[PDB]
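One chain comes next, on its own, written as structure tokens: the form deposited in one PDB entry.
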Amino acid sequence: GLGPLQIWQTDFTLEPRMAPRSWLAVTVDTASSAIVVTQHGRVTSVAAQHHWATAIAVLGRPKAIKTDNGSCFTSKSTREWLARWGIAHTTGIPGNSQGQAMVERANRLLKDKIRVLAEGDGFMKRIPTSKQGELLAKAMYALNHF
């Protein structure tokens, strides 16, 4: 077809309202603008692979994934994981000055939606650990479906 190329942009971003699993892994599929987000306790190579396992289940396997040069994305372990799946990986140009403003915008929209929803439910600070999962799933829903 002449349709979009299946390229994802992935990034992690800190959200203290979701502590203790405050690191949010966010993937924007650039062909559809669909967002996938998962929560993690630490920013490591394995949290990035667990996030991509879930995004693959939800959006299918991409042709390539663009990330920055965080070490969780360029370690040995993460390059071998992406090679086992046959997914090409680029961190773009060095000083590329971000060829990944989609996931950057997605991160701000996501944090804002989480703040609005949680305050609507009366949580002005950290969201109680047991309510976190349904709220994060409600923020993902709101940003993806109309």
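Heads up: residue numbers just count along the shown sequence, starting at 1. We call the rigid core the largest set of C-alpha positions that still match within 1.5 Å between the two forms. Shifts are known only where both forms have a C-alpha.
If you look for the form deposited in another entry, you will not find it shown, but the lines that follow are about it.
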- Candidates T44, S33, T54, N96 - which moves between this form and the one not shown, C-alpha at least 2 Å, core fixed: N96
- Note on the structure: Assert for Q98-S22 (C-alpha, 3 Å or more) in that other deposited form vs reference form: pair farther
- Item | Inter-Cα distance between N96 and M102 in that other deposited form, nearer or further [3 Å or more] | closer
- Pull up the moving segments between this form and the one not shown: at least three consecutive residues, every CA shifted by 2 Å or more, rigid core held fixed. 92-99
